[PDB]
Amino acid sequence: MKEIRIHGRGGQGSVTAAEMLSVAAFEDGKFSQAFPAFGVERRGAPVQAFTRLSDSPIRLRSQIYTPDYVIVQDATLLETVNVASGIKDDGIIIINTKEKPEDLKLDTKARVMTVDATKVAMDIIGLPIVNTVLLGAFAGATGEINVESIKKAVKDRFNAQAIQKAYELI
């Protein structure tokens, strides 16, 4: 079983990212689960969403505390949120930032990887919608889900090019 934690702010659609990840994984033939951190979403407030991947139906109903992978939608969150908290040593943190991995200086053993994402969004989409584009980066960084399945999901529910670029840039 693999566990994924997504960090964002109220209004940035972190739940949608989690959902799209679970949809895309299932297209790949992996059993999936996705959920928001349970509570009220305030615009601007730090929020979390979660995804689980498995070869078998997922029956587990507890929260996620120790993720294999972490996605950070907003670089400003690093100042107030311990995004590396509970991550396995062989894990990967994907961060939406202009800066390169080492510049961020996170106290973790996990691989830190970066993409601009925000720029990719403004260039190709026009709006700074990063919740879907970062999934492209997730696929490129981890190889856990096929990038084509993520494209499929986003087009199904509703961008694909922005996903594609982020996949390359990571």
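Numbers follow the displayed sequence, beginning with 1.
- Counting the deposited residues that fall between residue 158 and residue 159 and carry no coordinates gives a value of 4 to 9.
- As the entry records it, the average C-alpha temperature factor is higher for 98-106, out of 57-65 and 98-106.
- For the pair 146-154 and 16-24, the mean Cα B-factor is higher in 146-154.
- Across the options 34, 70, 127, 139, the residue with the most elevated CA B-factor in the record is 127.
- The maximum CA B-factor among the listed residues 121, 45, 49, 134, taken from the PDB record, is found at 121.
- In the deposited entry, the Cα temperature factor of residue 170 places it in the highest third of its chain's modelled residues.
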